[PDB]
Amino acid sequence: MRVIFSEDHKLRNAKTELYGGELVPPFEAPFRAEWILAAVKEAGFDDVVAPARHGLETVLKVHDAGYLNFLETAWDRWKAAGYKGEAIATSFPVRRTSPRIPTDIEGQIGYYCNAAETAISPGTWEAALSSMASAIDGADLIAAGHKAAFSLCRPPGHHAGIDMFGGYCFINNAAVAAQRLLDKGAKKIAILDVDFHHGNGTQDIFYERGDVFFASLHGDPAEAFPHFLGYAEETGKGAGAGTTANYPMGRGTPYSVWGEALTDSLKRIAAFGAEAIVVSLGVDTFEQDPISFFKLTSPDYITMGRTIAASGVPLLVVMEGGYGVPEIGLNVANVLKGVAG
């Protein structure tokens, strides 16, 4: 399958991340894309191409315009306000607060943020756009007829909601990809999030959209980031009622249990009538990944790819999370091998 990758991902190179009450070098670093890229190439998937230029038409259909406008000038405004560090939100519009939008940079950054550990830095906008382009090109290959494609997105995006960034996500690549497929002719598309974390941003985007189905397997939000979304009770709302299926799971969850969830989600995706499936691929479910509590092994990733590919519809794999462990690329490549069959 073709691999879409942009070098401009390196423009996203934040210096800080709030973790454990300290500012440390971000875990979502440029080297992640490098090792994943090297591994997939070694696995044989060497047909790597750079993404083409794309406007904001597609993304404007899933993200709020105010939010996108905010991301584009966030850094300049922050720097212009005279702050020394990177752009990090501290005030948030939580329970029983006003719905009004602040006018200054200090207020807006919190208004448009769901997780403060994520800092905005120089190049973030440009990088997010290149990652969005990689997703769009991936979707076009699918529309063109390809059975599968791999968009090596970075930064990731399943935590970026309609009008907020967080979890190292600014633009929901998977959402944009899904939207692109619909613009190319599809009437029904599904997004399958296998990343350890709940794709709260993807769910938020399509919660009231009846033309897109969203299924996610993840650590129980009661004890895992993003903490405030991902519960089984959330099945959709209004025009999108019934199009969300969450599968929260506890600590030590082996592939034996994780696999049942995967099977059930594919069954719901089939009953929905998806013409294609966008897979938000995160390999942080790996037993050796320190940021998760699931127990998946390297071989299980081959099984994952095969199971999803057996849906019988075209697949677009979009890179999401995964700690920078020596086996990150290996696991990603294992998923592509499973898909290739």
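Rigid core (definition): largest C-alpha set, two forms, superposition within 1.5 Å. Residue indices: 1-based, along the sequence shown.
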Stretch departing more from the displayed form, 322-330 or 14-22, Cα RMS in 7 other deposited structures of this protein (core fit): 322-330
Segment of greater CA departure in 7 other deposited structures of this protein, 286-294 or 306-314, core superposed: 286-294
Return whichever of 37-45 and 311-319 has the greater mean Cα B factor according to the PDB record. 37-45
If you average the Cα B factors in the entry, which is higher, 64-72 or 295-303? 295-303
Check the PDB entry and point out which of 158, 95, 180, 267 has the largest C-alpha temperature factor. 267
How does the C-alpha B factor of residue 55 compare with the rest of the chain: lowest, middle or highest third? highest
Residue 209's Cα B-factor: lowest, middle or highest third of the chain? middle
Assigned third (lowest, middle, highest) for the C-alpha B factor of residue 84: highest
Using the B-factor values recorded in the entry, state whether the Cα atom of residue 144 falls in the lowest, middle or highest third among the modelled residues of its chain. highest
B-factor third for the C-alpha atom of residue 244 within its chain: lowest
